[PDB]
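The structure under discussion appears below in the form of structure tokens.
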Amino acid sequence: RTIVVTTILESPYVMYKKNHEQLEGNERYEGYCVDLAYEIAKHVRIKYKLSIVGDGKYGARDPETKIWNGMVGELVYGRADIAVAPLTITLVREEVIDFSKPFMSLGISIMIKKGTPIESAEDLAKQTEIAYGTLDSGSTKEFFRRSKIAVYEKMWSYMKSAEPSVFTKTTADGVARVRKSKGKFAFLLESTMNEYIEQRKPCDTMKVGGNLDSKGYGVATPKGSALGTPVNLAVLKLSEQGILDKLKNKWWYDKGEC
Ligand SMILES: N[C@@H](CCC(=O)O)C(=O)O
Ligand SMILES: [Zn+2]
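Per the working numbering, the sequence shown starts with residue 61, numbered consecutively.
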């Protein structure tokens, strides 16, 4: 009866509450997706348990083993019933799991340490003094790997062979690297994460230029799952009732600091 909700520790979607070590189950976490899961469960009328994905990855298929990892994998192999996280709706994922309509709209963006002489993707691509990377094994890395647009093809060419590696295991590592590189490192991440970090102390980063693409995050369920329909309708109702807007403001700006 209790459905398993796989998710990921990514701020401000899912974070450990101040005194998580003193708590258990769902009470250990807080964040946009923790609230979203609560609201969805309320409309779908289900009991659930949040589960942080073991490998801490979003989801990608190994070209060799063909095995899916991350949250996508938890769904594909039946270990999770639903995924409530900033999981990007992509073609390859849509082929193996189901997605609700978007609960958040975003695009790939550029994060720089304030003062960095960069204003666009073209600016990064035409130079090598400033290094740049992305989260490893996510939709952003795939974007550059698959792009047929000149400027992005140039960027992938650089990152693909960059040494040391410019692909971080977590968004947090990417941000830390930007903050510690004195402006010699820029990070490619989704606007949502970018906008959030920009509102947090030391307030030393900022999003520059427009987004590289336009897409969205969706709540995922195993392909053909009976929860897909109810979850989709729940997402649309939350959207139309302004709750998604309320949650975004709550976790991004109301708790602003810059
Ligand atoms: N939202 C992305 C992860 C973040 C990123 O790749 O920038 C995904 O679902 O893979
Ligand atoms: Zn702790």
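All residues carry an ideal CB built from backbone N, CA and C; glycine is no exception.
Does ligand 2 have even one heavy atom less than 7 Å from the beta-carbon of residue 218? no
Backbone secondary structure at residue 289 - three-state DSSP: helix
The stretch 228 to 247 touching the stretch 187 to 195, judged by at least three CB pairs closer than 8 Å: yes
Is it the case that the Cβ atoms of residue 256 and residue 111 are separated by a distance below 8 Å? no
Do you know whose CA, among 314, 291, 283 and 103, lies nearest residue 158's CA? 283
State the beta-bridge partners of residue 193 as determined by DSSP. 247
Could you tell me if the beta carbon of residue 278 falls within a distance shorter than 7 Å of some heavy atom in ligand 1? no
State the DSSP-derived secondary structure class of residue 130, mapped to helix, strand or coil. helix
Flag residue 98 as yes when its Cβ comes closer than 7 Å to any non-hydrogen atom of ligand 2, and as no otherwise. no
Return the chain-ordered ranges of every alpha helix (DSSP H) run that is complete within the stretch 141 to 226 and spans a minimum of 4 residues. 151 to 154, 181 to 185, 199 to 206 and 210 to 221
Sorry if obvious, but does the Cβ on residue 103 come closer than 7 Å to a heavy atom of ligand 2? no
What does the alpha-carbon distance come out to for the pair residue 313 and residue 220? 35 Å
Within a Cβ cutoff of 6 Å, which residues of the same chain sit near residue 149, ignoring the five residues on either side of it in sequence? 159, 276 and 278
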